[PDB]
Q: 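Below is a structure I'd like to ask you about.
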Amino acid sequence: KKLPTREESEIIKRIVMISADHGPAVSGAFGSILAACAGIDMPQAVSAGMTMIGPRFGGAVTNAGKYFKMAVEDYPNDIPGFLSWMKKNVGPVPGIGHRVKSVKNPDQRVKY
Amino acid sequence: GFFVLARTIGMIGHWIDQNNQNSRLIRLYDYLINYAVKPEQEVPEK
Amino acid sequence: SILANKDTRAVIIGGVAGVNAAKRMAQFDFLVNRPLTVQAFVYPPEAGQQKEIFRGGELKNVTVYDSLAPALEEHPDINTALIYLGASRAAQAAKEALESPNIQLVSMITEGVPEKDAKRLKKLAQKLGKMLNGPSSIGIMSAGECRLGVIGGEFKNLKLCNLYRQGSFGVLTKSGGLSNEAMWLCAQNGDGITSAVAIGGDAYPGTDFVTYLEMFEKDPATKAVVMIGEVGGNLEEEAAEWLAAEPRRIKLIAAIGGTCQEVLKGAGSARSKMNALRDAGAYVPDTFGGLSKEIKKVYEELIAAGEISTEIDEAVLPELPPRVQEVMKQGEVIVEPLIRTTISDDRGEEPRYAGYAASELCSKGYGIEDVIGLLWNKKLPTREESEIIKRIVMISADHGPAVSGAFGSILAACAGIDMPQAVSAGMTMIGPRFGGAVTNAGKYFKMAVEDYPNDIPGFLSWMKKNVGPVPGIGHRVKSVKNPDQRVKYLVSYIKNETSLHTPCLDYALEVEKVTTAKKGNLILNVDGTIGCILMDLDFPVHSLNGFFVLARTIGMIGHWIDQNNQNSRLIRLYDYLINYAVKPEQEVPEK
Amino acid sequence: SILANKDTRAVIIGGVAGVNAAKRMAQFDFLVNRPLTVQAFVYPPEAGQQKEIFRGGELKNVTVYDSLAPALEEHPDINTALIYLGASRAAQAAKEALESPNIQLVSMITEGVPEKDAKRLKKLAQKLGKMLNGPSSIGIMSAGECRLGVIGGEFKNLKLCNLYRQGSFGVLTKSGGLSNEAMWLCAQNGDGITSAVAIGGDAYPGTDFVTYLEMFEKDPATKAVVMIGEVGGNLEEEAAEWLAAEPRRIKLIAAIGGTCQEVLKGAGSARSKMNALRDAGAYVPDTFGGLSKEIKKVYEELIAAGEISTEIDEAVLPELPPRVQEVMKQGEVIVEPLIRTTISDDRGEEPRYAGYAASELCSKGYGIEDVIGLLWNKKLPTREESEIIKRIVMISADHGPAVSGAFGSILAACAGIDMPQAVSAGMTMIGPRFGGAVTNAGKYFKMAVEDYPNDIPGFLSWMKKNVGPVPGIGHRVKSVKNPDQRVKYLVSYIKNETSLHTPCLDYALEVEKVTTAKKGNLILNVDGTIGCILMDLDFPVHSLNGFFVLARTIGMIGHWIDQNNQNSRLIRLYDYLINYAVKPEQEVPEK
């Protein structure tokens, strides 16, 4: 409900561009492909792929923000405390982990 | 919203792509499924 | 062979460690061409699930049970238990197994089992007349017959140690790693092993060396035993006592570790064990290196005495099937792909959209509109196409909460559904009546330009008779008296700020003059406008509804966020807004 | 070899017939270890698409073009065109190919090409100095070099006819089927072929026998030619004229079909052609069976004259890779499954639900409720469980059009959406606030029974502080003053008509007495009632929401059908029902 500043606007632009697609193997894209092949119209086929966005695929943005803000406030110099608290209370850390990307195969999207 | 909106660009892309290809219905290949099903049995009479 | 044979059927009590042992046992099961040794798993955390275990290339599903009682009820066949649980649970699981009338052999791999617990389990096994191997035992391996545990290592090792057929040597070690070295030494210098038993490195093993030597003495196939002991306790001195006591059929080859009598009386010293065994008539080398020479000595001796036959390994051995990806890399198999993609590649460091790296597009100053063109047309747009895509998306982003799509998202937002799922419900509303006439507007107006260039009444008659209402014409609230500035803006932008020739849009604008003369609300709407503009830009026909679906997702997410920020309650449509034109109430007749 | 060689690069002009030829040519390409012959496809119906063609185990994507001009622009490499189009389009495609400066050879497989068209194409090819083969030609085959068309058949035949290397025999036939028989005859009785050309069976072939014989005469590898003709035309007499005209290096073996002069000047008779060729010095057998003897004669003669070397086929040949499914059936490859299913098997004549044949369930009088139990619990329900499932589904089927799920379906039905998609939008509404509290009601009430047996205020305090509102408590229209007869019925049925002990339901009914004391609408609702009943029946926790999802789908489909039968117009929410609590309107600031 606010007109962004040039800085904000430039970050929103890049986030949208860098996240636009990550091939056909991912749940959302594959859901759309499955529906496209079942002969479903675009808005309905895309809705099936969008249904896949959740805790494991693409929909950990909000929780990553919440838990990392909470870490900054409650565990500023205690990452093992934050991690212990997360293991015991939420499970895997939202925003950490990838099926194909790793230290040996970096995600240039995040580096960018 | 940033992921949901962004990935919609990709998802529409893939839908257009499969339509331009005239892709047939996908039925997952048998060899890719592990049928760890119950042994077959006769149904008892009601 | 002595404890494990082709009649051994096991239950594995443990988790992931247990599953890895079972996978190794299945590899042996394949090599010796026998049915799977593991019949069931007992693991309460994963009870009810099934474990995928490959016997060569064939997948076997092995059931996980909560306790041993249902496992044995479903598989009465089981006569062996392998304990793969941690120290705090292993002794209780071993007790349960020993007390089961079906189980004759219990082997424990567990390390850190309290001596008090091991002592109690040894006495229980003795009372019940059962065999307890371990704790801290890697396994029991019977060449050509049965593998219990991970003993024997990788599949290539099973072949190198000739574990696919009985030899003439028995193996008895405390150490796990050394039972694999002894098996190799028997293959390399003899004719291989009959059975290899790792008794465990714990102070109080379930079964001592003499117990096993007695069994080997009764096995006709075993002609010699390679025993590898260490300093500490007296298991080796009793073995020397056993050997001296009577004339025994089997020859004993022994190596005792712990001649480190330099580092801090010693009744269980390595040199005392070597002397006791040497005196008893065992083949004891000075170093572990001499063990290969003692095996060659005994082997050459048994062939001379006509107890071993020099029958060379003329057997065609199975080889483990490779993974599908390996065979594919070599091009030795045909795998028909499940799907084909032409628009993006995620396999590199970052995605490539129509050949272009995503971050390279950001750096060089491209925008969202340029990514839309790449993913939907596989071509980087022109500055003009880009400027039109940008305006279409911005102009169509939202049209308030009353419209089907927005209302669908609001309904789901209020029903407490998460954003991606809420927005998908709203997006399902996009179709022939709401926002999804972009494609058809483009198609029919292009067809009008080609088949009815100077005949709008003909086009309209054809449409009435064949499709019904014209896609892109009509609006619920907008009319000649209440114009849609969104369409006036786009048309004015295309006419006044570009030199484009738009024949579809020109035709559509002429039919709007005819239709609005019939009913004032039959205006050219945003669907028809975008449809015509994009057809005139020659965008692929399939992509046309993409512009509305994508633009209106901005609005639909907006509405979802708004409803959440407000903490809106569930919507249940007010009664006074429904016309219940329902059947009169009636009693249900008896059947 | 004469027309096709390792330098031949083709464009296939045609559809599915063209793609099947390309697939055959790819198998030859793999066998002789050469790059793919087909570079492109030209087919307007499939323009822009890519065809997956396997060269052995390696997938090659070959592009489809709208016309020849872009194909040659992208592949300047192309020098051959194969026409796989029907008679009405073939001649125009052949004209376009002949007029392309890159194309040197055009072969047509097409049957039914008008004689007038073939005559015009022959004259055009002559003017331009290009080669035209066909129409009605199965292809051109150059052993070890190139295959144009399906000529040569299956991969096993390429190996049997030794088509992976040059022999000494050329083959010229009118007949397609006979070119494969002649190739075999040369492999069986000689050393194989150099090139095999099917000239076509049409009245006017693009290139006649003499044109090809002249080319074979100049090919040093070709020592003899097997020509198979038929009655009709003078092509074989012209070949006899060519052979007689001068002393030729190549030997000619000829068989002429059509000596049926007993079945009901005749210059084109089989007997006249056979005499003309025999007189000219050709090897002409009495029957087609004698052709093997004529080939053996010529082969032995050329060996004797030291023109052929008796060097046996000591070559290690590639074999076609099997499909992944074949290798899997044999268990010779490991394929890690993508998914595991435990509830049904569709692989037989009919599906098996939890081991039971679907039709066997119908025959023995089972119902929908019994199929729900099989697919969701993997157990056939008891008559009691069955009777409870039936009532839960019936009572929950629909609760009018005002509720989110039903309204979502109505919104989508009015937006003109198809049933499965409109019902999916309504189903998306099922969540924490509408109908999807069944699972949580079950979990929290079971936890209450275990952790707060005689402490409802403790349970309620814990819930307020940790989860918020209690799942299964509360209703928008039902209250203590307006009871929900659906919950009264189920409770009444469970207590008075079954032997079921329901601790979760008993607890939930007690918390309802406490909550309705706070607010009258805090009644135990259908979610809480079903949740508790099912938890008490010991149904898997995950399945609990299933009963609402499935039951309310009956209502949601009902509502979709109803709006369709009514021909309902699009819903746009009335303005007076929206509170536009929007920001004051403002001018956009300049960037």
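Chain identifiers are assigned alphabetically (A, B, ...) following the order of the sequence lines, protein sequences preceding nucleic acid strands; residue numbering begins at 1 within each chain. What you see below is based on every heavy atom in this structure, not just the backbone, and it leaves out hydrogens, waters and symmetry mates.
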Q: With a 4.5 angstrom heavy-atom cut-off, could you sort out which part of A/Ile18 is near chain C: side chain, backbone, both or neither?
A: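 Both parts, heavy atoms under 4.5 Å.
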
Q: Please look at C/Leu361 and chain A and tell me whether the side chain, the backbone, both or neither of the residue comes under 4.5 angstrom of a heavy atom of that chain.
A: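 For C/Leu361, the contact with chain A is made by backbone and side chain together.
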
Q: Compare every heavy atom of A/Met50 with every heavy atom of C/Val423, then report the nearest pair and how far apart it is.
A: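 That closest heavy-atom pairing would be CG1-SD, 3.7 Å.
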
Q: State the NZ-CG distance between A/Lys1 and C/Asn565, to the nearest 0.5 angstrom.
A: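 Those atoms lie 7.0 Å apart.
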
Q: What part of C/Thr439 gets closer than 4.5 Å to chain A, counting heavy atoms only: side chain, backbone, both or neither?
A: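 When you check distances to chain A, no heavy atom of C/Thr439 falls under 4.5 Å.
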
Q: Need one label for C/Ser359: side chain, backbone, both or neither, based on atoms under 4.5 Å from any heavy atom in chain A.
A: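 Answer is both: backbone and side chain atoms of C/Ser359 are under 4.5 Å from chain A.
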
Q: Which bit of A/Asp21 is near chain C, if near means a heavy-atom gap under 4.5 Å: side chain, backbone, both or neither?
A: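 For A/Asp21, the contact with chain C is made by backbone and side chain together.
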
Q: Checking heavy atoms, do the side chain of A/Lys101, its backbone, both or neither come under 4.5 Å from chain C?
A: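 The side chain, not the backbone.
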
Q: Enter the distance from C/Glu349:CD to A/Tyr112:OH here, rounded to the nearest 0.5 Å.
A: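 Answer for the CD-OH pair, C/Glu349 versus A/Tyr112, is 13.5 Å.
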
Q: Is it the side chain or the backbone of C/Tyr366 that comes within 4.5 Å of chain A heavy atoms, both, or neither?
A: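 Answer is both: backbone and side chain atoms of C/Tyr366 are under 4.5 Å from chain A.
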
Q: With a 4.5 angstrom heavy-atom cut-off, could you sort out which part of C/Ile430 is near chain A: side chain, backbone, both or neither?
A: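 Both parts, heavy atoms under 4.5 Å.
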
Q: Say you draw a straight line from CD1 of A/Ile33 to CZ of C/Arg340; how long is it, rounded to the nearest 0.5 Å?
A: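 Answer rounded to 0.5 Å: 11.5 Å.
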
Q: So which residue, C/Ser363, C/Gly436, C/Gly405, ends up with the most heavy-atom pairs under 4.5 Å with chain A?
A: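 The option with the most such pairs is C/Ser363.
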
Q: In terms of heavy-atom pairs under 4.5 Å with chain A, which of C/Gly426, C/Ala357, C/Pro351 leads?
A: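 Most pairs with chain A among the choices: C/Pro351.
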
Q: Report the residues that fulfil side-chain hydrogen bond (donor to acceptor under 3.5 Å, both in side chains) with C/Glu387, sequence neighbours left out, ordered by chain and then residue number.
A: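 Checked C/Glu387 against side-chain hydrogen bond (donor to acceptor under 3.5 Å, both in side chains); matches are C/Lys390, C/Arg391.
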
Q: At a 4.5 Å cut-off on heavy atoms, which part of A/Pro106 comes close to chain C: side chain, backbone, both, or neither?
A: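 Just its backbone gets close to chain C.
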
Q: Which pair of non-hydrogen atoms, one from C/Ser344 and one from A/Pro24, has the smallest distance, and what is that distance?
A: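 Closest heavy-atom pair between C/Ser344 and A/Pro24: O-CD, 4.4 Å.
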
Q: Could you look at A/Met17 and say if it's the side chain, the backbone, both or neither that has a heavy atom under 4.5 Å from chain C?
A: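 Contact with chain C: backbone and side chain both.
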
Q: Using modelled atom types only, decide if a donor and an acceptor are shared between the side chain of C/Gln421 and the backbone of A/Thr51 within a distance under 3.5 Å.
A: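 Judged by distance alone, yes, a pair lies under 3.5 Å.
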
Q: Are more than 12 heavy atoms from other residues, nucleotides or ligands located less than 6.0 Å from atom NZ of A/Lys66?
A: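 It does: A/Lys66 NZ has more than 12 such atoms within range.
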
Q: Verify the neighbour count for atom OH of C/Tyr356: are there more than 12 heavy atoms of other residues, nucleotides or ligands below 6.0 Å?
A: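 No.
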
Q: Select one option (side chain, backbone, both, neither) describing which atoms of C/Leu338 are under 4.5 Å from chain A's heavy atoms.
A: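 Only the side chain of C/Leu338 comes within 4.5 Å of chain A.
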
Q: Hey, what do you get for CD (C/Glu350) to CD (A/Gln108), rounding to the nearest 0.5 Å?
A: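 Rounded to the nearest 0.5 Å, the CD-CD separation comes out at 5.5 Å.
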
Q: I'd like to know whether CG of A/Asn89 has more than 12 heavy-atom contacts from other residues, nucleotides or ligands below 6.0 angstrom.
A: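 Above 12, so yes.
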
